[PDB]
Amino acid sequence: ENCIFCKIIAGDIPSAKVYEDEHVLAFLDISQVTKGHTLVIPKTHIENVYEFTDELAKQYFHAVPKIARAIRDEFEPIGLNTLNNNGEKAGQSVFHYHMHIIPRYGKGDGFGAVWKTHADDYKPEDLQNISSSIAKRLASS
């Protein structure tokens, strides 16, 4: 288990905790993209968002809103984002599911989303075929 997050859950590595219960553990990201940068992870070692089961999703997500409101009330930012990365090329460096809670203050934010639209590259029927394909795989969910 060469997972830095499992060692933080196990206490082997110190952390600045903000929230903790039976299945969830939240703590400040030492990178602090912005003041209040928090990491919310499940204690169960789940590699990515794909390995989530309904039962595990239930013991996890509820903490996100609570922690988000706590950060918003403490530092009253002008905005806030939640980000999850799955896969090296998606930005995931540690293979243990984690959600970033990033408060926004404006000028100086260490986080920003590059947004390149491509709406003119898809026709209504293409979108319908694409969605229809994803949906078919979901009939079993």
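All residue numbers are counted from 1 along the displayed sequence.
- Decide which of the stretches 68-76 and 55-63 has the higher mean C-alpha B-factor, going by the entry. The recorded data point to 68-76.
### Query
Got a sec? Mean C-alpha B-factor, which is higher, 108-116 or 78-86?
The stretch with the larger mean CA B-factor is 108-116.
Problem - Ranked C-alpha temperature factor of residue 10 among modelled chain residues, by third - result: Tercile = highest for this residue's CA B-factor.
Sorting the chain's CA B-factors, does residue 100 end up in the lowest, middle or highest third? Residue 100: CA B-factor falls in the lowest third of its chain.
Which third, lowest, middle or highest, does the C-alpha temperature factor of residue 48 belong to within its own chain?
Residue 48: CA B-factor falls in the lowest third of its chain.
**Third of the chain, ranked by Cα B-factor, where residue 30 sits** = Top third by C-alpha B-factor.
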